[PDB]
Number of protein chains: 2
Amino acid sequence: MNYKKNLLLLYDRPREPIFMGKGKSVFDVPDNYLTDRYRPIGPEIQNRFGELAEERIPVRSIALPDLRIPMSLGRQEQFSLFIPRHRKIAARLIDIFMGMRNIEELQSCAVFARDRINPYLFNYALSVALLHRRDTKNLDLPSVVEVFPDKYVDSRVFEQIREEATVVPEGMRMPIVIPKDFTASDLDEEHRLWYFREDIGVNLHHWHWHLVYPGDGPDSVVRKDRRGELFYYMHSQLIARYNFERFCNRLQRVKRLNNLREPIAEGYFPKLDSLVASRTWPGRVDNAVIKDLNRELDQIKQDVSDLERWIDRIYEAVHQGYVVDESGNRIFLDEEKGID
Amino acid sequence: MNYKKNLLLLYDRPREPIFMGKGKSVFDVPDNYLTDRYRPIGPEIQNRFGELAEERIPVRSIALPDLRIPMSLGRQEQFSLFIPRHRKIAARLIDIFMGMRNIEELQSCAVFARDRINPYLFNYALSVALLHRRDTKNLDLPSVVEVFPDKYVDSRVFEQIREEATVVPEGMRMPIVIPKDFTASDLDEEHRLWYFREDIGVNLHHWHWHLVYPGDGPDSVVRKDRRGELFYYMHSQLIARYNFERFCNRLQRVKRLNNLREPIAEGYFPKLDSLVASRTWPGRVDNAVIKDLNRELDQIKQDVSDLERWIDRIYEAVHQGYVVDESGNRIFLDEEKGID
Ligand SMILES: [Cu+2]
Ligand SMILES: [Cu+2]
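Analysis parameters
Residues numbered from 1 in each chain as written, not as in the entry; some residues may be left out. Chains lettered and ligands numbered in written order. Part of a larger assembly, values for the part shown. Heavy atoms only, no water. Axes fitted to C-alpha atoms, helices over the stretch in contact; angles between N-to-C directions. Helix = DSSP H or I, 4+ residues; strand = E, 2+ residues; numbered from the N terminus. Parallel < 35°, antiparallel > 145°, perpendicular 65-115°, else oblique. Left-handed = near helix turned anticlockwise from the far one by under 90°. Contact = heavy atoms within 4.5 Å. Nonpolar A, V, L, I, M, F, W, Y, C, P; charged D, E, K, R; others polar. Donors = N, O, S within 2.8 Å, 3.2 Å for Na, K, Ca; no water. Buried < 20%, exposed > 50% of the residue type's maximum accessible area, 1.4 Å probe, protein only. Least-squares fit on C-alpha atoms. Salt bridge = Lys/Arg side-chain N within 4 Å of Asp/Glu carboxyl O. Core = buried A, V, L, I, M, F, W, Y, C linked by side-chain atoms within 4.5 Å. Pairing = 2+ DSSP bridges. Patch = residues over 30% accessible without salt bridge, like charges linked within 9 Å, V, L, I, M, F, W, Y side chains within 5 Å. Areas by Shrake-Rupley, 256 points an atom, 1.4 Å probe, with all protein chains shown as cover. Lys, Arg positive; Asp, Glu negative; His and termini not counted. Charge placed at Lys NZ, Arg CZ, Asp CG, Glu CD. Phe/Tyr/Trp six-rings, centres within 6.5 Å; stacked < 30°, edge-to-face > 60°. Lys NZ or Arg CZ within 6 Å of the ring centre and 35° of its normal. Polar contact = N/O pair within 3.5 Å; in protein donor to acceptor, adjacent residues only side chain to side chain.

1. A few points about the packing of helix α4 (residues 84-99) of chain A against helix α6 (residues 119-132) of chain A
Residue and element names in this part refer to chain A.
Link 1 in the chain: Relative to each other, α4 and α6 sit at 45°, their axes nearing to 9 Å. The angle between α4 and α6 falls in the class oblique. Note on packing geometry: the crossing formed by α4 with α6 is right-handed. Note on element contacts: α6 touches α4 through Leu121, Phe122, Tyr124, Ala125, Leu126, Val128, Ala129 and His132, opposite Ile89, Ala90, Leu93, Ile94, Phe97 and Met98.
Link 2 in the chain: Here the residues of the contact of α4 with α6 sort into 13 nonpolar, 1 polar and no charged.

2. Observations concerning the coordination of the copper ion (ligand 2)
Residues and elements named next belong to chain B.
Link 1 in the chain: Donor atoms from the polypeptide that bind the copper ion (ligand 2) are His206 (NE2), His210 (NE2) and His235 (NE2), placed at 2.1 to 2.2 Å.
Link 2 in the chain: Summarised as a motif, the one-chain spacing of the donors to the copper ion (ligand 2) is H-x3-H-x24-H. One end of the pair, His206, is in helix α10 (residues 200-212); the other, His235, is in helix α12 (residues 227-247), and 29 residues separate them in sequence.
Link 3 in the chain: Taking relative accessible area as the criterion, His206 reaches 28% and is therefore assigned partly exposed.
Link 4 in the chain: On the basis of relative accessible area, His235 is assigned to the partly exposed category, the value being 24%.

3. Notes on the coordination of the copper ion (ligand 1)
All names here are of chain A.
Link 1 in the chain: Surrounding the copper ion (ligand 1) are the protein donor atoms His206 (NE2), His210 (NE2) and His235 (NE2), at 2.1 to 2.2 Å.
Link 2 in the chain: All donors to the copper ion (ligand 1) come from one chain, and their sequence spacing reads H-x3-H-x24-H. Separated by 25 residues along the polypeptide, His210 in helix α10 (residues 200-212) and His235 in helix α12 (residues 227-247) bring together distant segments of the chain.

4. Some words on the relation of the copies chain A and chain B
Link 1 in the chain: When chain A is fitted onto chain B, the two copies agree to an RMSD of 0.6 Å after a turn of 180° and an axial shift of 0.5 Å. On the angle and the small slide along the axis, the relation comes out as a two-fold axis. Identified as the residue of chain A closest to the rotation axis by C-alpha distance is A:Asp312, at 3.6 Å.
Link 2 in the chain: Interface overlap between copies is the fraction of interface residues in one copy that are interface residues in the other; for chain A against chain B it reaches 100%, indicating a shared surface.

5. With respect to the pattern of salt bridges
Residues and elements named next belong to chain A.
Link 1 in the chain: Applying the stated criterion across every chain, the model contains 41 salt bridges over all chains.
Link 2 in the chain: Residue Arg223 pairs with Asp219 through a salt bridge whose shortest N-O separation is 2.4 Å.
Link 3 in the chain: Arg223 sits in the exposed class, given a relative accessible area of 64%.
Link 4 in the chain: Several salt bridges share partner residues, and in doing so they unite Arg60, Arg101, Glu104 and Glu105 into one network.

6. Thoughts on the nonpolar core
Link 1 in the chain: Formed by 57 residues in total, the largest nonpolar core has its most connected members in A:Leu10, A:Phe27, A:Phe97 and A:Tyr124.
Link 2 in the chain: Those elements giving two or more residues to this core turn out to be α1 (3-8), α2 (42-51), α4, α5 (103-114), α6, α7 (144-147) and α10 of chain A.
Link 3 in the chain: It is α6(A) that provides the largest number of residues to this core, a total of 9 residues.
Link 4 in the chain: Excluding residues that lie within four positions of it along the chain, A:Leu10 makes contacts with A:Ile18, A:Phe27, A:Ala110, A:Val111, A:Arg114, A:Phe122 and A:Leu126.
Link 5 in the chain: By size, the runner-up hydrophobic cluster in this structure holds 56 residues, among which are B:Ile94, B:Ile96, B:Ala113 and B:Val221.

7. With respect to the pairing of strand β2 (residues 55-58) of chain A
Link 1 in the chain: Here strand β1 (residues 25-28) of chain A runs beside β2(A); their pairing, made up of 4 bridges, is parallel. Considered in β2(A), the bridge of A:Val26 is made with A:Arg56.

8. Focus on a negative patch on the surface
Residue and element names in this part refer to chain B.
Link 1 in the chain: Judged by side-chain charge, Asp188, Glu189, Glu266 and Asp286 come together as a negatively charged surface patch.
Link 2 in the chain: Checked against the element boundaries, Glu189 lands in the loop between α8 (156-167) and α9 (194-197).
Link 3 in the chain: The exposure class of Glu189 is partly exposed, given its relative accessible area of 43%.

9. A look at the packing of aromatic side chains
A ring pair, where both rings are aromatic, is described by two values, the distance of the centres and the angle of the planes.
All names here are of chain A.
Link 1 in the chain: Considering all chains together, one arrives at 23 aromatic pairs over all chains under this definition.
Link 2 in the chain: Between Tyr33 and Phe112, the aromatic rings sit 5.1 Å apart at their centres with planes inclined by 75°, giving edge-to-face as the arrangement. Of this pair, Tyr33 sits in the loop between β1 and α2 while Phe112 sits in helix α5, and the two are 79 residues apart along the sequence.
Link 3 in the chain: A ring pair is formed by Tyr120 and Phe148, whose centres lie 4.7 Å apart and whose planes are at 65°; its orientation type is edge-to-face. Taken together, the residues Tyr120 in helix α6 and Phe148 in the loop between α7 and α8 (157-167) connect sequence positions 28 residues apart.
Link 4 in the chain: In this structure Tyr120 comes out as buried when scored by relative accessible area, which is 1%.
Link 5 in the chain: The class of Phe148 is buried, set by a relative accessible area of 2%.
Link 6 in the chain: Put simply, the rings of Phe19, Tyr38 and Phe49 touch in pairs and so form one group of aromatic residues.
Link 7 in the chain: The ring of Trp207 carries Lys151 above its face, with NZ or CZ at 4.4 Å from the centroid.

10. Observations regarding the side chain of B:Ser274
All names here are of chain B.
Link 1 in the chain: Inspection of the secondary structure assignment puts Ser274 in strand β3 (residues 273-274).
Link 2 in the chain: On the basis of relative accessibility, which here comes to 2%, the residue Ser274 falls in the buried class.
Link 3 in the chain: A polar contact of 2.6 Å, which involves the side chain of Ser274, links it to the side chain of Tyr120.
Link 4 in the chain: In this structure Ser274 touches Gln78, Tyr120, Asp150, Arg279 and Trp281, once residues within four positions along its chain are discounted.

11. Observations concerning the packing of α10(A) against α12(A)
In a pair of packed helices, the angle between the axes and the distance between the axes together describe the arrangement.
Residues and elements named next belong to chain A.
Link 1 in the chain: Put simply, α10 and α12 touch, their axes get as near as 12 Å, and they point 175° apart. The orientation of α10 with respect to α12, classified from their angle, is roughly antiparallel. Two secondary-structure elements touch here, α10 through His205, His206, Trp209 and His210 and α12 through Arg227, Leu230, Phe231, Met234, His235 and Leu238.
Link 2 in the chain: Classifying every residue of the contact of α10 with α12 by side-chain character gives 5 nonpolar, 4 polar and 1 charged.

Structure (C-alpha cells):
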C-alpha cells in the first residue's frame, strides 16, 4: 500500500481518465467515483483497462470535501496563477489536499477529484500539497515538461510523435528532435536569445518558484521567511542574467516599458498549443497597445489607469519611507524589512 | 527720443558709478543722488570726470518709491531667478521701473537706483521693464555678453584683457582669443559638446527667454498666451537639438536623472568667475549627492522629500487627467489647454 508511489501515478497522462491505468497499475475506483459520463460504461472499462495490469490498487470510498470551487474552472479551459480568480481556486484545492487526515485519504480524494478538475490546476495544487505535507516528503515529482509537453514544445511535433508511435513498433522508434530558434527569424534580433527565453530549465525554474512560494493558500505554504525579498531578488537576478546574455548577442541592456500607454514594439508568437484547452496562446503583434480589461469570465474589470494608480501609490510609499495599513497605521520600509 | 538713448548708457560699465563717463556722455547727478561713500567727495568727483565728454545729461531730482526690497540683495552677491526670494526682489524692482509715468521719470529712478542695487539684478529688472513699457518699445538693448563678460568667458582672459588694455594704447591693441573646449579634457566624453553647451548664442537664448516670459512679476509681463506650453516646448526642443549633437559626437541620447537619490555621475567645472560677486560658480564633483537645503539667507528650507512629493503630486494629476484649484475645483487637462 505504497500510497506515495501510487500518488505519482496521478501525474501519468493527465487527460486520460484514471481508470485507464497508469504505468503497469490500475486503480479500482468505486462506482460513485466515476464521472456521470463514464459510469454507464463501467462494465466495459473493467474489461480492457482493469485486467491488463500487474498491480491493481484498491481505493477505499470516503466522505469527500466540497470540490465545487476547484471544479468551477472548466476541463477544456486554460489555467493561470496570474488571474486572481484562478489563484483563489488553486488556493482552495491546495487547502483540501493539505487537510486530508491521512495519506490514504489523499489518494482517495485525488482519485475522485482528478477527472472532475482541469488537469493543469490539478497538477499545480497536488504538487504544492505533496511538497508541503509531512507524510509526502522525499517524493520525486515528475517534471512538468514530462507530463505537459504542450507548454514547452513547438505544437508541430505532436503529430510527428502521434504518427511515429502509431506506425512504428516501439523498439524501432526514433527520438523526435525538438525545434530550437523557431519562434522568429533573423529579421527579429530578439530571436537570438531563444536559448534563454525558451529553455525548459529556465521556464521550469519560474514554475518551481510559484510551487514553493505560492501567493494564496494555507498560511503554512504562503508564509515563508523573507519571501517578499526573494520575489525581488529572483526577478532581479533574471534581469541581470538576461542582460548578460544580451551583451553576448550584440544587443543593448533590456529597456523597461516607458509607460502603459505607448505601444509595445517587440511582438511574440509562441507557437504553442494547449491540448487541455485545444486553444493557442495567441501571439502579440508588433506595436500592440495595452488595453483596458473587461473579462467577465476571468472576473477582471480593470482599467489601465487602475494600474497607473497602484504604481503611483507604491512610489509615494517608497518615497515616504513607509506603507499605510488597512487601518491607517504606518509600517516603515526600514533597512531590514523594507525590501521584503 | 534722447531719453531712450540715455537709458542705454546705464548698461555701460555696470560696476563703474554712474557719475563716471558713460559712452561719450556724462550724467549730472543731484548731490543727494550720490551714494553715502561719494556724497562727501561729490565736488572732487564732478571735476574729475566728464569734462572729456560731449553730451552732458541733466537728471531731475524727483521723489522715488521705496527701494529697500531691491536693495536687500547686496552689491557683491550673486543673483538667481530660480531662488524664490531673488525672484520676488526682481518682481518688486520690475514693478517700480514700470510704474514711472514718464520716460524722464524712469531715467531719474534708474539713475538713483543703479549704484545702489546688485548689477545683475539691475540689468535684469531694467531690461524686462524696457521690453514691456509702451513708451520704450522697439529698443535695441545691448547684449548681456558685452556688459557682463564674466558670465560668458573663461576667467583666465580677464587679466589678459586688463593687461592688454592697460599696457597697449588703443590704436595698437590686438584681439584676445576666447578659449574653446576649456572646461574639460577628452577623458570626459561630455567635453565634445562645448560648441553647444558653452555657446554664447545658446546661453543668450536661455537668458532672453526668461526676460520675455518671466515667471514672477507684474501680471502684465507674466501672463502671455500659452506660456506654460512654450515652457514645455522650448525645453523640449533644447533636448531635441542636444540629442542631435550627441548623435554627431558618438554619444547616446541624453539619459534622464533616474531620481533624486542616485549620485549625479557627470561633474562639471565651469571656469567662470563673477566680477560682481568676486566669487566663483563652484564646480560639482563627479558622483555628487543631491542634499536637503537649509539656506537661510536665500530663505530656502526644502528637503529632497519635498521635491519628490511635488513630483508625485504632479504625476498623480496627469494620470487623473485633472489638477485641483486652491478652492477645490477641478480643471481638466484636455487636448488644448492641458499642456499649458
Ligand atoms: Cu514569477
Ligand atoms: Cu529655462
